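Notes follow once the structure below has been shown.
Note that we place each Cβ from the backbone using ideal geometry, even for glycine, and neighbour counts take in every protein chain shown. Each answer follows from the model by the rule given with it, or from the source it names; none is laboratory data.
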Amino acid sequence: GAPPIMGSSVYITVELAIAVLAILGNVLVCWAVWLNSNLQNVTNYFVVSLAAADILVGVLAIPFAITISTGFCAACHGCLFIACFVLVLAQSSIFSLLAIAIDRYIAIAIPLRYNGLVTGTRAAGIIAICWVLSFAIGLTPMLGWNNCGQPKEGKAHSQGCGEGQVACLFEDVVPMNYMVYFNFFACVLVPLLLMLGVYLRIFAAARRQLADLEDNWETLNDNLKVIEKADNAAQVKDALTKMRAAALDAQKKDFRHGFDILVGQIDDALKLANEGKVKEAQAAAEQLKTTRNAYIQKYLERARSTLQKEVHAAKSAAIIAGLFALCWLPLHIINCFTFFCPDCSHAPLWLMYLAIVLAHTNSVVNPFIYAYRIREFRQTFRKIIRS
Ligand SMILES: CC(C)CCC[C@@H](C)[C@H]1CC[C@H]2[C@@H]3CC=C4C[C@@H](O)CC[C@]4(C)[C@H]3CC[C@]12C
Ligand SMILES: CC(C)CCC[C@@H](C)[C@H]1CC[C@H]2[C@@H]3CC=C4C[C@@H](O)CC[C@]4(C)[C@H]3CC[C@]12C
Ligand SMILES: CC(C)CCC[C@@H](C)[C@H]1CC[C@H]2[C@@H]3CC=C4C[C@@H](O)CC[C@]4(C)[C@H]3CC[C@]12C
Ligand SMILES: CC(C)CCC[C@@H](C)[C@H]1CC[C@H]2[C@@H]3CC=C4C[C@@H](O)CC[C@]4(C)[C@H]3CC[C@]12C
Ligand SMILES: CCCCCCCC/C=C\CCCCCCCC(=O)OC[C@H](O)CO
Ligand SMILES: CCCCCCCC/C=C\CCCCCCCC(=O)OC[C@H](O)CO
Ligand SMILES: CCCCCCCC/C=C\CCCCCCCC(=O)OC[C@H](O)CO
Ligand SMILES: Nc1nnc(-c2ccc(O)c(Cl)c2)c(-c2ccccc2)n1
Ligand SMILES: CCCCCCCC/C=C\CCCCCCCC(=O)O
Ligand SMILES: CCCCCCCC/C=C\CCCCCCCC(=O)O
Ligand SMILES: CCCCCCCC/C=C\CCCCCCCC(=O)O
Ligand code: NA
């Protein structure tokens, strides 16, 4: 049995290094949003809320984790607070991640009403509510769902603790049925699964809109060919009405002028078609190609480019949510083994330390994801560091 202070020294040193990086990187995120108006939007207010949770992991949760690794003597409910505080920060992160996903879904699904529905003032209120709920959920053991009524008195005596004190260790004070059923299943797993459902809807909505744009583009070009090889006015009329509906569906200044020219030219040709003048209708329909080459294809390309950027932004957000799940799931899975398999030897202490370090590393990774995936953050980071 090697001296406990040695393996402790490795765990503590790694924890302190992570805390430094979590503070530095996420302070940079907050400084960037504060300074760049192009970064000031509802999505990034939740990003800042998430960065604040990660700053508090470095300032508070990691010092608390180091403290409760020692098993020092503490009043049981004081031990409970420093043990449970990381649950507040993890819960706040989950709420911010879910809010970000929902924000991106509103933007892709109803962009015309996004600016009227999703405002900064409503966002600040949601953030406040989510922090209150995070304290309520994370500190629920302090309301009585704890093991302080049944302390490990033999462990307390062997450490010289006073009366009312326990050896302060996470699993000795926080009940495992709370950790598995309430914290993991209900408060972590269910919101992560909801997030997965939201992102599936976001990418399904984007794929559908990028299909719908190509279908309307195909309908405009296909029916142009139908008119050229038509032989009577009724075939021209049929293909023109289909073009007119495709044009109005695709419509939903230089943008409006291009579609006004298009529908007007379709109407010009339809009037000729209704009068039985096929050759004049076809010549009129040929004028549409000039409008298509100078306006309509430009709208189709820019609409595609806007959709691709929304997909890119949703993928960046989903990566962040997925990395949260990756870094936190090992701890929750270990707790499931401890709880559901009392015939299994407890996960060894080195593995507990590794799982805790991994969870804490998640508070380091988001600034790197923003830097590598969002140009506006990356360029703002560069200016902050240079200047
Ligand atoms: C403004 C912010 C930074 C203040 C942070 C205050 C923190 C560090 C304080 C608030 C409550 C405090 C705890 C309250 C009660 C106990 C029980 C005692 O037997 C050992 C210390 C312990 C566990 C305290 C440790 C420090 C503590 C967690
Ligand atoms: C920013 C300010 C307002 C934060 C206020 C938080 C204060 C009120 C809370 C935080 C944690 C709390 C402590 C947590 C646990 C214990 C140990 C218990 O045996 C006696 C009370 C005591 C010591 C609590 C007193 C109140 C306390 C210090
Ligand atoms: C993709 C990621 C999230 C999956 C992580 C899986 C990890 C957490 C799993 C895979 C194998 C698992 C271990 C398999 C067997 C045992 C022995 C048992 O006596 C205690 C738990 C313990 C030690 C498990 C702990 C959790 C464990 C390490
Ligand atoms: C990751 C997402 C998709 C779902 C989370 C799956 C979790 C809840 C699953 C993955 C592996 C599972 C464990 C696999 C094996 C055992 C050993 C058995 O003696 C008791 C249940 C227990 C401990 C399972 C509990 C539930 C478990 C931890
Ligand atoms: C620079 C940062 C300073 C940080 C200061 C670090 C604190 C060091 C004090 C005690 C650690 C002793 C080693 C902890 C060993 C674990 C004890 C434990 O697991 O519980 C008790 C149990 O009885 C055992 O079997
Ligand atoms: C920017 C500033 C923001 C706020 C910064 C706050 C930093 C908190 C640091 C450490 C918490 C460690 C607290 C635990 C120390 C417990 C040691 C102790 O209390 O030992 C005596 C006890 O009776 C055992 O026998
Ligand atoms: C485990 C503990 C769980 C505790 C469970 C109970 C908590 C209450 C729940 C939600 C409060 C929602 C607050 C709503 C605040 C008022 C909002 C408002 O007035 O604004 C309307 C706005 O115009 C629309 O856009
Ligand atoms: N058995 C057990 N032991 N320790 C922790 C623990 C304590 C302090 C921390 O800072 C961290 Cl990250 C983890 C958790 C645990 C598991 C999932 C979610 C929250 C806590 N579970
Ligand atoms: C780009 C520069 C980065 C800033 C430097 C950050 C320095 C932090 C690195 C390691 C933390 C070391 C913790 C010291 C251990 C104390 C002794 C002990 O383990 O008990
Ligand atoms: C920017 C402010 C950050 C706050 C600084 C906190 C850094 C202190 C590091 C670790 C916490 C020390 C925990 C002490 C354990 C007590 C050991 C014992 O009593 O047996
Ligand atoms: C212990 C608390 C458990 C119940 C939580 C109650 C819900 C949160 C309570 C108060 C938050 C107050 C902030 C409300 C501002 C709303 C702004 C808005 O949404 O537009
Ligand atoms: Na986090």
Taking region 24-80 only, how many residues are out of contact with any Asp or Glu (no Cβ under 9 Å at 6 or more places or on another chain) and within 16 Å of ligand 11 (Cβ to nearest atom)?
-> 2
Can you give me the ranges of the helices (runs of 4 or more DSSP H) entirely in region 53-122 with at least 1 residues that are closer than 21 Å to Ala17 by Cβ and away from ligand 10 (no atom under 16 Å from the Cβ)?
-> 76-109
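Report, by residue number, each residue of region 340-358 that is assigned to a helix (DSSP H, G or I) and within 11 Å of ligand 3 (Cβ to nearest atom).
Step one: filter region 340-358 for residues assigned to a helix (DSSP H, G or I), giving 340, 349-358.
The answer is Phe340, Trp350, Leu351, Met352, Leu354, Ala355, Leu358.
Mind telling me which of the residues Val20, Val29 ends up being surrounded by 20 or more Cβ atoms within 10 Å (Cβ to Cβ), β-branched (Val, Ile, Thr) and in a helix (DSSP H, G or I)?
Values: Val20 fails: surrounded by 20 or more Cβ atoms within 10 Å (Cβ to Cβ).
Within the list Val20, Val29, the selection yields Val29.
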The lone exception for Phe337 - which of (1) in a helix (DSSP H, G or I); (2) of a type outside the set (S, T, N, Q); (3) loosely packed, with under 13 Cβ neighbours inside 10 Å it fails = (3)
Unmet requirement for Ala314, which otherwise passes all of (1) crowded, with 17+ Cβ neighbours inside 10 Å; (2) within 25 Å of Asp215 (Cβ to Cβ); (3) more than 21 Å from the chain's Cα centre (by Cα) | (3)
Within region 352-381, residues surrounded by fewer than 13 Cβ atoms within 10 Å (Cβ to Cβ) and touching a helix residue (DSSP H, G or I) at 6+ places or on another chain (Cβ under 9 Å) come out as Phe368, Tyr372
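Condition first: in a helix (DSSP H, G or I) and basic (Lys, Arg). Now tell me which residues in region 271-326 satisfy that. Even if it seems obvious, please write down each step before you answer.
In the first step, residues of region 271-326 are kept if they are in a helix (DSSP H, G or I); the result is 271-274, 278-326.
Passing the criteria: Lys271, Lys279, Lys289, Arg292, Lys298, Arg302, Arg304, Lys309, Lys315.
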Identify, by number, the condition in (1) surrounded by 15 or more Cβ atoms within 10 Å (Cβ to Cβ); (2) hydroxyl-bearing (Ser, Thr, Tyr); (3) out of contact with any helix residue (DSSP H, G or I) (no Cβ under 8 Å at 6 or more places or on another chain) that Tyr199 doesn't meet.
-> (3)
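Can you tell me which residue among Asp249, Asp231 is farther than 24 Å from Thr67 by Cβ, assigned to a helix (DSSP H, G or I), assigned by TED's automatic domain parsing to the domain that holds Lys277 and out of contact with any strand residue (DSSP E or B) (no Cβ under 6 Å at 6 or more places or on another chain)? Walk me through it before giving the result.
Working: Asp231 fails: assigned to a helix (DSSP H, G or I).
Only one candidate qualifies: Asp249.
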Just to be sure, is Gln40 away from ligand 1 (no atom under 13 Å from the Cβ), within 17 Å of the chain's Cα centre (by Cα) and within 25 Å of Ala186 (Cβ to Cβ)?
-> no
